[PDB]
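Asks: Give me the fold of what follows.
(7 chains)
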Amino acid sequence: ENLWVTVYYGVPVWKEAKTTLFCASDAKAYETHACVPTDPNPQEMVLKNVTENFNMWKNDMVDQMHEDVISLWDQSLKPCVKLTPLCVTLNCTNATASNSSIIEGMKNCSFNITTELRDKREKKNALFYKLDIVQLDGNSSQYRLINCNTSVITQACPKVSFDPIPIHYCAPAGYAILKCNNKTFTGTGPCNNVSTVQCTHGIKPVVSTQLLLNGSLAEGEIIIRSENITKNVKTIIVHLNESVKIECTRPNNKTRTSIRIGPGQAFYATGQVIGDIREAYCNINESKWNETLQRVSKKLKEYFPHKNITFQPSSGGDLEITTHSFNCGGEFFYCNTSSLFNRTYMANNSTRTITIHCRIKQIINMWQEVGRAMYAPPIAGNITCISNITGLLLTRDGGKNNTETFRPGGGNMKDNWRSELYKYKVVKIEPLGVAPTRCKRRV
Amino acid sequence: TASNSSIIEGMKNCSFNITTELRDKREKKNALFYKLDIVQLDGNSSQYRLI
Amino acid sequence: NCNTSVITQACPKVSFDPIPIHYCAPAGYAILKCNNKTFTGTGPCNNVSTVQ
Amino acid sequence: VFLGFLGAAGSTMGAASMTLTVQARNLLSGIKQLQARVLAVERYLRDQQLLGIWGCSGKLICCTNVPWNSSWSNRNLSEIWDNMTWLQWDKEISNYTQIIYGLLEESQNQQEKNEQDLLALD
Amino acid sequence: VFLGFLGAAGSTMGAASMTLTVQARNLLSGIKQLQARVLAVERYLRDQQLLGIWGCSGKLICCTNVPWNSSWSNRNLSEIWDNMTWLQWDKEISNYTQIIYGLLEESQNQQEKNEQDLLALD
Amino acid sequence: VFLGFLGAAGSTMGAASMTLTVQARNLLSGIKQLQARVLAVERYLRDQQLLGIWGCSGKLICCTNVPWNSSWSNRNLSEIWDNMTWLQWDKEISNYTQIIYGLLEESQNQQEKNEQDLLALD
Amino acid sequence: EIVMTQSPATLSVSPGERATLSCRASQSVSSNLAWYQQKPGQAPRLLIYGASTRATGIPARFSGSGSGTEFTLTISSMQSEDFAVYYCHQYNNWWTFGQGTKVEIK
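Replies: Residues are numbered from 1 along each chain as shown, chains lettered A, B, ... in the order given. Below is the structure:
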């Protein structure tokens, strides 16, 4: 009896909606990549009694991250040269350097090119990886650049030098970013230690397959995450609570040699290599690796009741998944991981180093789409890069009875960003509400 | 080449030279065009160009 | 200049000319102006004025 | 720049009345950036002017005319007023919010009639 | 999305006072699409803030100082107040609207002068 | 288009008490142009809504709670109140403006508590 | 691993009559079940992909229902063209196919 409407403003109630996010970052970058404003002074709070749903496999800003990371590359590649005139038939010797194994095409591949005066055609030569060129039929001396069949190759400008600079994602006023803190959250379903912010913790946009790098660790014990609509899961993500150091190195001295296509373009190639040849390789600590696989073996049989757990290395696909793929400096590495995922386990501190041989190729069919293709210029001097793995991308497999198999997969790089944006959700706030009370306006 | 000839005129067996994937290799090709798409070059009655 | 640049031709219809340009600032801001005839270009003025 | 943006989580209907002040403050300070700005303005005005329809103007809380129909939510909220938080009630009353907004608008409407009909004598 | 732009067509000077409430609500919800948004804001504020300088604030109708003049429209509108619609009056008064706006501004001025000169004694 | 931005130059703390309206009126009427527009809005609202949190609403001047302090500027401005202009004061109190804004916000906060606790009886 | 069985092997249905086909699984399949239609000579066709959600374009006289370890497809206003063979299929683990049910004119 005698209830009257009263309108409240500034109410704490929210809903789920899409919205457009924006960049924040450190003070400096190579120049939404440098972007503004600056990484602000952080703030956070806890909502206690809120019980809120989270979903990792459906949320939006994963897709925004991907749609960024593509157009963000293309915002940089276009001003650089385009190598269409270079697709001329390459005649290749392959035998000047007695250390003949790896680098195949060599000088003294040779070809015809057009100089500044469009009349004057001249003869040049450079060195290419056998993974960059493909063989023309019959004439054993004839080879062509691999991806000129169906794309317009372009050269990354040597001044750019990408690197996984951290990126904070921030949402505009009126919206907010919810965050789940319960250490055991499995990527989908309710949380009850919710918190809210306006800017996520710095994400590092790394791209790698078969195991991901430089990520932020899990705070509980090693977690496993998967979709749950079916037990037939496309990809399984293993998020670690302890980081194993991996260092990868290329020993040789590459010699950057410049060629010219006028009016104003310079095309960089690999000249004569100097120093005795050896194959680029990656290192791991046997003890730490064995321990990490033991822990993952323990955890994995949470979901699967009592079967023996056996790993096996990949068995098909391009080099993008048949090996460990990643990038250091101005080169890309493809490491034969056939000697890592070889353990097996049944139901019921840093000595010795595992070395794995790792090839490298220049022409990267940039992992996101066809049509495009990028040529990474050579880098002179020996190269080393330390790094630290933080998670594995597996996929289940059969071939055995009462014993599940698993293999490295997940070249669908989106999972990488989904391996760090599962915490967060984006909500639209509705601060305006109504309620009943014992008052109506005095005139 | 087609006894049923009237409408479409330019036809195969218009032939021309085009540049393939290997910028060196230049190859012969042919297709069919409407006579309203091409115009005649002076003198050489067998020479035509896109309009 | 074909050694290192991609020459381009100014379109003959363009025909630039030093047309005057006024610079204006958005509301909330303003443009201060010094009127002292002897101002040597750095250091204080004391016949200030303001415009948009 | 923000803080306390939703700190009132866990408070009840009126118990969340205090901090309402600050949760209504936060608006402070490559193309996506530009978009993010425009939204911030729009989503603000669409709320600020809406209160103008209902006659509340620049107040966080305000009585009004028209009774709180025991219809809509066929319920009494006094007895839960101290042991529930807002969401469970906003989601409950969603069934009739769109109507109640029109009711508040009409509530505000008669105010100017009543005011002019008296002020025109001075 | 909107609500009844101009149902008031055909009403007279004052008879259109009722639905004014509705006429003031409508703001709700390929680069042109962006432009169309910005306009909607700048046009609204340029009006909303304008009432502020005139001292009317968030009211549809409001008295003020600065009486009507034989100057401006040399007319009395009481006799036509019930058989003419707004346009015929707005287009007539257009001759002096720009002046009357400044007059309303000055009318609002003295208000806070008087208010402070009395409140400062508290 | 504008009206006399800063003719009040040379006025003291109070002598600029009632040239404020012109200083506050001005918002009236190759992508940079677009940017120049958006700023004009964001800057205005960021001020207009700010007065809202302080409870002053649509007034150029207004008293409030939270007395002046021997803290903040350890000073009395009454004796210079008629022989200085605004800058020399604003640049002095800058040490504590950020705090004073929060104090004004809290001053406004208690108003709704005090009002509702009394209005709930009707 | 999961064996799925479809019963009865045959159904005799005069035109315009309602028919019921049952599918069972050695283990649970929750709701990851679907029903396809096989017309000899052509290629199997999708009837129902969820436990009951009908795919686009199929007549509404088709409908399936079930969960756990038991499911049943049904047709209510069967026409002459509907006479064909049917299969129940599951995809909750390594997917497999059932031996299928015939339907003949009566």
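Asks: Was I right to think residue A:293 contacts residue A:343?
Replies: Yes. Residue A:293 is in contact with residue A:343 according to Cβ atoms under 8 Å; the separation is 5.4 Å. (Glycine included, C-beta is placed from N, CA and C.)
Asks: Among those two, which residue is more densely surrounded?
Replies: Using other Cβ atoms under 10 Å in any protein chain shown as the criterion, residue A:293 and residue A:343 rank with residue A:293 on top: 18 against 15.
Asks: SS state for the more buried one?
Replies: Secondary structure assignment for residue A:293 (DSSP: H, G, I helix; E, B strand; the rest coil): helix.
Asks: so what's it up against?
Replies: A:311, A:343 (Cβ atoms under 8 Å, 6 or more residues apart in numbering or on different chains).
Asks: how close does it sit to chain G?
Replies: 25 Å (Cβ to the nearest Cβ, to the nearest Å).
Asks: could you point out the longest helix in chain A?
Replies: helix A:61-77 (DSSP state H).
Asks: ok, back up a step: joint contacts of residue A:293 and residue A:343?
Replies: With Cβ under 8 Å, 6+ apart, residue A:293 and residue A:343 have common neighbours residue A:311.
Asks: Write out the residues of the stretch 1-150 of chain A neighbouring chain C.
Replies: By the rule Cβ under 8 Å from any Cβ of the partner chain, the part of the stretch 1-150 of chain A lying against chain C is residue A:116.
Asks: For the stretch 1-150 of chain A, which residue gets nearest to chain F?
Replies: residue A:6 (8.9 Å; Cβ to the nearest Cβ).
Asks: Quick check: residue D:6 touching residue A:178?
Replies: No. Applying Cβ under 8 Å as the test, residue D:6 and residue A:178 come out as separate, 9.1 Å apart.
Asks: Quickly list what's touching both of these two.
Replies: A:14, A:196.
Asks: Now do the helices in chain A.
Replies: If DSSP H is used as the criterion, the helices of chain A fall at A:61-77, A:286-300, A:319-322, A:414-418.
Asks: what helix or strand is the residue nearest the centre of chain D on?
Replies: Central residue of chain D (Cα atoms, centre = their mean): residue D:51, 7.0 Å from the mean position. Per DSSP states H and E, residue D:51 falls inside helix D:31-54.
Asks: Indicate whether the helix or strand just after that helix makes contact with chain E.
Replies: Sequence order places strand D:61-62 as the next helix or strand after helix D:31-54, per DSSP H and E. No. Contact of strand D:61-62 with chain E is not found when judged by Cβ under 8 Å from any Cβ; the minimum separation is 12.4 Å.
Asks: Strand D:61-62 pairs with which strands, parallel or anti?
Replies: strand A:4-8 (antiparallel) (DSSP bridges).
Asks: tell me the angle the partner strand makes with helix D:31-54.
Replies: Using axes from the mean of the first three to the mean of the last three Cα atoms, to 10 degrees, the inter-axis angle of strand A:4-8 relative to helix D:31-54 is 150 degrees.
Asks: which residue sits closest to residue 3, ignoring its sequence neighbours?
Replies: The chain I'm using is chain A. Computed as Cβ to Cβ, 6 or more residues apart in numbering or on different chains, the closest residue to residue A:3 that is not its neighbour in sequence is residue D:68, at 3.7 Å.
Asks: switch to chain D, that's the one I care about
Replies: Per Cβ to Cβ, 6+ apart, closest to residue D:3 is residue A:43, 5.3 Å.
Asks: Now do the same contact list for the one you found.
Replies: Applying Cβ under 8 Å, 6+ apart to residue A:43 gives the contacts A:197-198, D:2-3.
Asks: Is it possible to mark the buried ones in these?
Replies: A:197-198, D:2 (16 or more other Cβ atoms under 10 Å in any protein chain shown).
Asks: got the residues you listed as TSV, with distance to chain E columns?
Replies: Putting those into TSV (distance: Cβ to the nearest Cβ, whole Å) gives the following:
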residue	distance to chain E
A:197	28
A:198	23
D:2	22
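Asks: Can you tell me the centre-most residue of chain G?
Replies: Short answer for chain G (Cα atoms, centre = their mean): residue G:35, at 4.1 Å.
Asks: and it, which of the three is it?
Replies: strand.
Asks: Surely it and residue G:85 touch.
Replies: No. Using Cβ under 8 Å, residue G:35 makes no contact with residue G:85, being 11.7 Å away.
Asks: Would you check how far apart residue A:279 and chain E are?
Replies: Residue A:279 is 53 Å from chain E, by Cβ to the nearest Cβ.
Asks: Now for that residue: which residues touch it?
Replies: A:102, A:357-359.
Asks: Among the residues you listed, which one has the most neighbours?
Replies: Ranked by the number of neighbours (other Cβ under 10 Å), the contacts of residue A:279 place residue A:358 first, at 20 neighbours.
Asks: Quickly name whichever of the buried ones among the contacts of residue A:43 is closest to chain G.
Replies: Nearest member of the buried ones among the contacts of residue A:43 to chain G, counting by Cβ to the nearest Cβ, is residue A:197, at 36.6 Å.
Asks: Tell me how many other residues crowd the residue nearest to residue A:363 when sequence neighbours are not counted.
Replies: Once flanking residues are discounted, residue A:363 sits nearest to residue A:132: 5.0 Å by Cβ to Cβ, 6+ apart. The tally of other residues near residue A:132 (other Cβ under 10 Å) stands at 20.
Asks: Ok, residue A:159 next?
Replies: 7.
Asks: what does the one 3 residues further on give?
Replies: Residue A:162 sits with 15 neighbouring residues when counted by other Cβ under 10 Å.
Asks: Also residue A:64?
Replies: 19.
Asks: so residue A:340 touches residue A:289, yeah?
Replies: Yes. Under the criterion of Cβ under 8 Å, residue A:340 makes contact with residue A:289 at 7.0 Å.
Asks: Common neighbours of these two, please.
Replies: With Cβ under 8 Å, 6+ apart, residue A:340 and residue A:289 have common neighbours residue A:354.
Asks: Within reach of chain G, which of the buried ones among the contacts of residue A:43 are there?
Replies: Within those, nothing lies near chain G by Cβ under 8 Å from any Cβ.
Asks: How about residue A:11: what's its closest non-neighbour residue?
Replies: residue A:433 (4.2 Å).
Asks: Distance of the one you found relative to residue G:56?
Replies: Residue A:433 sits 41 Å away from residue G:56, going by Cβ to Cβ, to the nearest Å.
Asks: Just want to know which of the two has more residues nearby.
Replies: residue A:433 (21 against 5).
Asks: For that one, give the beta-bridge partners.
Replies: Bridge pairing for residue A:433 - DSSP bridges - gives residue A:8.
Asks: From start to finish, how long is stretch A:319-335 in a straight line?
Replies: 9 Å (Cα to Cα, to the nearest Å).
Asks: Now do the buried residues in stretch D:10-27.
Replies: Buried-residue list, stretch D:10-27, by 16+ other Cβ under 10 Å: D:11-14, D:16-17, D:19-27.
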